[PDB]
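> Pasting the sequence and an experimental structure:
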Amino acid sequence: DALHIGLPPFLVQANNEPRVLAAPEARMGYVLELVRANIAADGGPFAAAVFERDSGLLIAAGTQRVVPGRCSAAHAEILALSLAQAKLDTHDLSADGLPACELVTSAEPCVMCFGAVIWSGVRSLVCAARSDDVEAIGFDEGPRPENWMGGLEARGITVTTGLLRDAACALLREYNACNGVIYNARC
Amino acid sequence: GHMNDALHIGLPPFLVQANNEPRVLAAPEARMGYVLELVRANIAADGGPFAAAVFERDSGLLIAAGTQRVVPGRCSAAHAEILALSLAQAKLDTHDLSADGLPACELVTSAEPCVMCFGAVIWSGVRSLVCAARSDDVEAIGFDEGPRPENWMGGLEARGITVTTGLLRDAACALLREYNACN
Ligand SMILES: Nc1nc(O)c2[nH]nnc2n1
Ligand SMILES: Nc1nc(O)c2[nH]nnc2n1
Ligand SMILES: [Zn+2]
Ligand SMILES: [Zn+2]
């Protein structure tokens, strides 16, 4: 009777508490905490958050819930964008009288999320890990169009990538190190 | 609807029914015909003119169905394909419809997928995509497919997703032209 993806407690918490982060690094810092927490709550090493671009108010956060949620569409970007839309009560994050919105993401978007970003109404995309980083640990980005960044820019969506990339990469390599069946107390 | 503790996209009555009534449609045109019934039911339930369904490829057991619920669900990701693929996964208790021991799954869709849905198809585990209306047909009533890679069809086929296109296209267009005429 519904499409229903449950949020683990830490994500409910993130989505409940008012929070304002002005600097790109502050915003991405927070998104990287959610990655760490999502991995500790049985999810993939990806998180994202929709902010008010100009005030830094957090609207909504998401994390990859593919396995726990039994749903291949539950990438961090889909959850973040959709929960932001559900909170603001509109399918269009650029609807009249909404502030401009920004998707802050732990990694460059896959081809699915790329499309979702375009349809979402956000005006800004801010990424940490690059596509090659993500692919290096076996997560596929899929076939995006050529010059997909230019693609976004031409729809009025500004793209920045590499923001706190080093910390992001460190979280990716930590996930990979502990993504295996032999028990490892250190994980 | 908005929820503290879930992303929750509710389904209108016809779609709750479609997802619970037993239905075996062996021939592909029987599959696409039923999907076009869902398109019409969706328009009457304030949705866009798009529907899709996951079938077991060989038997044509219907596993799940989705329709575009963008405006009434306040969700730009709620295309037909996303809901159909996600409800099937929910129904089969797995995020991968090609998981060992599941029969091969097929997504039958009213129109060729947009770039988002193209991506969702690849990650879903379906082994087959069957489309009615073409990309052109969708753009001609003002729906945007977005920037898909050159040769999106070959991209699907290259990872073992067979693509059929044009099936009951004229029937699907009749519904599209009606939707566009009635704004
Ligand atoms: N490539 C990729 N893979 C996943 O599993 C994701 N989850 N959130 N962003 C994602 N990106
Ligand atoms: N382009 C496009 N747009 C929508 O709103 C859809 N819903 N289901 N397939 C869809 N395809
Ligand atoms: Zn993605
Ligand atoms: Zn789509």
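Structure's in. What do you need? Numbering: from 1, shown residues only, chains lettered A, B, ... in the order given. Ligands and ions are numbered 1, 2, ... in the order given.

> Roughly how far does the closest residue in space to residue A:25 that isn't next to it in sequence sit from chain B?
Nearest in space to residue A:25, with sequence neighbours left out and distances taken as Cβ to Cβ, 6 or more residues apart in numbering or on different chains, is residue A:164 at 6.3 Å. To be clear about C-beta, it is placed using only N, CA and C from the backbone, and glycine gets the same treatment. Residue A:164 sits at a distance of 25 Å from chain B (criterion: Cβ to the nearest Cβ, to the nearest Å).

> residue contacts, residue A:162?
By Cβ atoms under 8 Å, 6 or more residues apart in numbering or on different chains, the residues touching residue A:162 are A:127, A:128, A:130.

> got a winner among those residues for most neighbours?
Ranked by neighbour count (other Cβ atoms under 10 Å in any protein chain shown), those have residue A:128 at the top, with 29 neighbours.

> Help me confirm that that one is found in a helix?
No: looking at residue A:128 with DSSP: H, G, I helix; E, B strand; the rest coil, it is strand, so not inside a helix.

> Surely it is in contact with residue A:166?
No: in this structure, residue A:128 is not within contact of residue A:166 by Cβ atoms under 8 Å, at 9.0 Å.

> Tally up the residues packed near the residue nearest to residue A:25, please.
20.

> again, but for residue A:25
Residue A:25: 12 neighbours (other Cβ under 10 Å).

> Looking at the contacts of residue A:162, which is nearest chain B?
residue A:127 (16.6 Å; Cβ to the nearest Cβ).

> Not counting its neighbours along the chain, what's nearest that closest one?
residue A:161 (4.0 Å).

> Tell me how many other residues crowd the one you found.
Residue A:161 is flanked by 16 other residues according to other Cβ under 10 Å.

> same deal with residue A:147?
11.

> Now do the same contact list for the residue in chain A positioned nearest to ligand 2.
The nearest approach of chain A to ligand 2 comes at residue A:119, 8.0 Å away (Cβ to the nearest ligand atom). By Cβ under 8 Å, 6+ apart, the residues touching residue A:119 are B:76, B:77, B:114, B:116, B:146.

> Now do the helices in chain A.
With helices called from DSSP state H, chain A shows them at A:9-16, A:24-40, A:76-88, A:111-120, A:131-135, A:148-154, A:165-177.

> closest one to ligand 1 among those helices?
helix A:76-88 (3.6 Å).

> does ligand 4 sit close to the closest one?
No: counting by Cβ under 5 Å from the ion, no contacts exist between helix A:76-88 and ligand 4, the nearest distance being 12.1 Å.

> can you give me the angle that helix makes with helix A:24-40?
Comparing the axes of helix A:76-88 and helix A:24-40 via axes from the mean of the first three to the mean of the last three Cα atoms, to 10 degrees yields an angle of 110 degrees.

> and helix A:76-88, what does it pack onto?
Packing partners of helix A:76-88 (3 or more Cβ pairs under 8 Å, 6 or more residues apart in numbering or on different chains; DSSP states H and E): strand A:47-52, strand A:58-63, strand A:101-107, helix A:111-120, strand B:6-10.

> picking that back up, Throw the contacts of residue A:162 into TSV and include distance to ligand 4, thanks.
Compiled in TSV, the contacts of residue A:162 are given as follows (distance: Cβ to the ion, whole Å):
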residue	distance to ligand 4
A:127	22
A:128	26
A:130	26
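
> Surely residue A:117 and residue A:158 touch.
No: judged on Cβ under 8 Å, residue A:117 makes no contact with residue A:158 at a distance of 11.3 Å.

> joint contacts of these two?
Joint contacts of residue A:117 and residue A:158 (Cβ under 8 Å, 6+ apart) are A:125, A:152.

> the more surrounded of the two?
Legend: neighbour count by other Cβ under 10 Å for residue A:117 and residue A:158, higher for residue A:117 (27 against 14).

> Quick one: residues contacting that one.
Residue A:117 neighbours (Cβ under 8 Å, 6+ apart): A:77, A:81, A:103, A:109, A:125, A:152, A:157.

> same check, this time on residue A:155
residue A:118.

> give me the number of residues near the nearest residue to residue A:14 once chain neighbours are set aside?
Closest residue in space to residue A:14, ignoring its immediate chain neighbours: residue A:61 at 4.6 Å, by Cβ to Cβ, 6+ apart. Residue A:61 has 29 neighbours, counted by other Cβ under 10 Å.

> Residue of chain A nearest ligand 4, please.
Here chain A gets closest to ligand 4 at one residue, residue A:115, 6.9 Å apart by Cβ to the ion.

> Can you get me a residue count around that residue?
27.

> go on, residue A:89?
Other residues close to residue A:89 by other Cβ under 10 Å number 10.

> The residue nearest in space to the middle of chain A and ligand 1: what is the separation?
Central residue of chain A (Cα atoms, centre = their mean): residue A:48, 2.3 Å from the mean position. Relative to ligand 1, residue A:48 is positioned 7 Å away (Cβ to the nearest ligand atom, to the nearest Å).
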